Structure formats: structure tokens, C-alpha cells
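One-letter residues, chain by chain:
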Number of protein chains: 2
Amino acid sequence: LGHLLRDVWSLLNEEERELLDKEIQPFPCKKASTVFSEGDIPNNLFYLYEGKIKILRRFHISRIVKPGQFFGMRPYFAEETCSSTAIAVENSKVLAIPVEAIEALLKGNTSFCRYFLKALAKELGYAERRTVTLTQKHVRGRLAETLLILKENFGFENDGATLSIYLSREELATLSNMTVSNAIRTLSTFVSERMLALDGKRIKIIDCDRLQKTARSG
Amino acid sequence: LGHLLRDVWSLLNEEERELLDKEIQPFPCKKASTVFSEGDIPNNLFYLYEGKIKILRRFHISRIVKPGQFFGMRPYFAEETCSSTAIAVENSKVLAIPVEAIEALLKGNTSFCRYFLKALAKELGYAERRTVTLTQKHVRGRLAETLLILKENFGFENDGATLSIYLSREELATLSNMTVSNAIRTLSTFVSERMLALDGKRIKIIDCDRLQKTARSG
């Protein structure tokens, strides 16, 4: 199963690949189940092969993990407990790598180290950007930004306009630092302005260019 | 000058130490000068030997760097431009390490890699925590939290109560996601409640236990 970790697998030699194949475990992950909980001591790193995982800690959703990313990596490297709970947004295929195996691999392989260095640096860039967005942008900018981030990370359905992720109003509100009332109020306005169209949990972006202007300008 | 980087120097062998000593440069850093600017392409990593550096990008102050920390490391590892401007809060002694030298060292040394892995993971933990604080805590909690963070990172003067950092009201307000009016209003109340005492830019913590309760409870 180690080969499913496409980017990382290419960095490993034959002995390292054997070790990974030996230690990696499938991790059952039904929608709404929890991978780990805030306060937990890290025993594994997790790789999201398929599906979607929300990281949360009012609650705050710090990220929604997309396929091909690692999670639970932060507290391992920081030598801390998990700051957050990880919950599946949909049925997901997760691979667990024991921290002992991770550590052996890191010790022998600077390329493997540098992969995680980039991953953490990227996450930190996103995190610091998000702080500015959430504290400084007004309701319209915050929600538009959230929607464009989901567009970027999860993409569109076959129609090329409907977001391929189906968050509750509560998740969308929390993600964008607003009340559900404000979220539904703002979505309503975005439909009135013909930037979006709504159908249950389905959000269709009908004017992306203008939505982007709203994210940036207000 | 490489030996001044105490933690890192201990991880390096003789050849690596020679390379570091050869490539490291002193970097003049007067109060109010800028080390690098938002949008800059990384040419060096910077190590704060002595002094204090604010990282900023309304402006947002993402951190105040303390002695013994690296900065400008994020965009190097992420392969991005600088997201922020770094400005000295006081006369500082900064050491610059060319990214070419950094890269050679990382390639040969997993311990060196793992040092930065921990540093980035720590920073990410602080960043994600700060997002929750700044978006969810009320004015009293936010400012108390800010003050306790400065206490932790910069400590006390000889009196064991006066913070050893002397930020403007504007810096303190920005750091804590409030208007200067709200900051000065809240400081005024903290003095009325005998948690603080104020003397220009000097902030004296006279009831730390209660300040901590205020940070946590409101």
C-alpha cells in the first residue's frame, strides 16, 4: 500500500519502500467518524488517499484536508499532543503510518525530510493568510474567499460550476468566521446578485470572476 | 560566527561547520529598518541573535521573533515569495545564511532537516491557536492573551513584573486584533482592576494569576 503515497514513494529506495510497505496500515474512515481527537498523543501519521477530513478544535475548523495530503503530522514534528480533532466529511480511505516507521525513514533520508518541510511551510503560509482573512475581511469577502478555497481544493462536478464538496451551513459558517445566520444571509445575497445558485448543500458558482472580485474587494 | 547558532551548530560535523562559518554574514539591523519585504524572493535565511523583529503584512503582525529563532525560513521551504515584511523593533544582531548554503546543509544532514521540521511545526501550532484567539475571544481575552504571550517570549525586567518589550499602542492593538481605542480602553480597565500598571510604553503585570484567568475566561 506504500506506493499509493505517490510523491513520497518516489523518494524512497528499496529498503525504505520495504519498511513503509511493512508498517503502513489501512484505517477505516466512515463519514462522521474520528481519526484522532484533540489532546491525543500521536501514534501515527495519516495520509488521505481518498475522501475529505475536517480538522477542528464555538468550534473552529482549521482546514479541510484533500486527497494526497498528510494530517496528524504537525503534532508529531512539534512534539506535542493533537491540537485538533480530525473527522471524516465523507467516507474516506486513510493510510496510517506508525511514528516509529516515520522516524526511521526521516533519519535516513533528507529528501523525505524536505518533503515534509515544504508541506509544513505551505500549511503555515495558508494558516497565516487565513488569520488576516478571518479577522479583517467583511462578511462578503470572508465567505467568497471560503468558497474560492473550496473550489481550488475540491474542484467542480461534471457541470464545471457546482462545487464537489457538500458542507453544512454550519461548517461553511464556522470555516468563514461567521454565524450561520450571516452565512445564509450572505449566500442569499450572492444568489440575488447571480454569483451563485443554491440547491440544498449544492453550491453552484455561476460568476467566478465576480466572486473573486468580491473575495478581494468586498 | 556559525557557533552563535547554538542549537544548529551542535548538529553539524566539521565540514558542515566550515561551510556555515564560510557562508554566514552579519546583517546590520537598526530599530525600524527592514530585513526583507513582502513580495521579496528569498536569498537568505535569517537568525535572530539579539534583539526583536516584527513580522507584518490595516496591517497584521503575525509574530514578534525572539532571540535564538530563525525567520524568513517559511518562504524558502514553501518555495514562495515572502508573505510578510520583517522590521526591527529594536537594534538587533541578525545573521544571514544564503539559501544555497542552507540547501547544501539540509541535503547532507537529516538532524539539520529535523530541527527545521520542529521549528515549522511549532510555528504552525502557534498560528492556528492564534486564529482561534483572534476570531473568537472578546476584547479582554484577546489583549490579556497578547500580554501573556509577550511575557512568555520576552520575560520581565529586574523588577520581575515589567514586560521587557516596549510596543506602541498600535502594535499592541494590531497584535491583538483590535482598534487602538479598544486597546487603550481595555488597558485602562486592566489598571482600574489592578491587574496592570502603566508608565509610557512600560506595562507592569501586577496580578499575573488573574490576568491568566482573564485570558482564558474573558
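Residues numbered from 1 in each chain as written, not as in the entry; some residues may be left out. Chains lettered and ligands numbered in written order. Heavy atoms only, no water.

**Here's the deal with the packing of helix 6 (residues 139-154) of chain A against helix 9 (residues 208-217) of chain A**
All names here are of chain A.
Part 1 of the reasoning: For the pair helix 6 and helix 9, the least separation of the axes is 7 Å and the interaxial angle reads 130°. Overall, the two elements helix 6 and helix 9 adopt an arrangement that is oblique. As for the relative orientation of helix 6 and helix 9, their crossing is left-handed in sense. Counted together, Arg140, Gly141, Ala144, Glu145, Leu147, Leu148 and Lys151 of helix 6 and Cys208, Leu211, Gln212, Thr214 and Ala215 of helix 9 form the full contact between these two elements. (Axes fitted to C-alpha atoms, helices over the stretch in contact; angles between N-to-C directions. Helix = DSSP H or I, 4+ residues; strand = E, 2+ residues; numbered from the N terminus. Parallel < 35°, antiparallel > 145°, perpendicular 65-115°, else oblique. Left-handed = near helix turned anticlockwise from the far one by under 90°. Contact = heavy atoms within 4.5 Å.)

**A word on the packing of aromatic side chains**
Part 1 of the reasoning: For the coordinates displayed, the defined rule picks out 22 aromatic pairs over all chains.
Part 2 of the reasoning: Measuring from ring centre to ring centre gives 5.6 Å for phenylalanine 46 of chain A and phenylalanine 71 of chain A, while their planes differ by 25°; the resulting arrangement is stacked.
Part 3 of the reasoning: Here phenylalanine 46 of chain A falls in the buried class, since its relative accessible area comes to 6%.
Part 4 of the reasoning: Under the relative-accessibility criterion, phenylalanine 71 of chain A is labelled buried at 1%.
Part 5 of the reasoning: Plain terms: the ring middles of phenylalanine 36 of chain B and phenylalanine 46 of chain B are 5.8 Å apart, the flat faces sit at 35° to each other, and that makes the pair tilted. (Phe/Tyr/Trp six-rings, centres within 6.5 Å; stacked < 30°, edge-to-face > 60°. Buried < 20%, exposed > 50% of the residue type's maximum accessible area, 1.4 Å probe, protein only.)

**Re a negative patch on the surface**
Part 1 of the reasoning: A grouping of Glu14, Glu15, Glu18 and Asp21 of chain A is seen on the molecular surface, where their side chains present a negatively charged patch.
Part 2 of the reasoning: Here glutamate 18 of chain A shows up in helix 2 (residues 14-23). (Patch = residues over 30% accessible without salt bridge, like charges linked within 9 Å, V, L, I, M, F, W, Y side chains within 5 Å. Areas by Shrake-Rupley, 256 points an atom, 1.4 Å probe, with all protein chains shown as cover. Salt bridge = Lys/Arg side-chain N within 4 Å of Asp/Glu carboxyl O. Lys, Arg positive; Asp, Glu negative; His and termini not counted. Charge placed at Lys NZ, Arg CZ, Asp CG, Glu CD.)

**Some points on the packing of helix 5 (residues 110-136) of chain A against helix 5 (residues 110-136) of chain B**
Part 1 of the reasoning: Interaxial distance between helix 5 of chain A and helix 5 of chain B falls to 9 Å at its minimum, and their mutual angle equals 20°. The angle between helix 5 of chain A and helix 5 of chain B places the two elements in the roughly parallel class. The interaxial crossing formed by helix 5 of chain A with helix 5 of chain B has left-handed handedness.
Part 2 of the reasoning: Here the residues of the contact of helix 5 of chain A with helix 5 of chain B sort into 16 nonpolar, six polar and six charged. (Nonpolar A, V, L, I, M, F, W, Y, C, P; charged D, E, K, R; others polar.)

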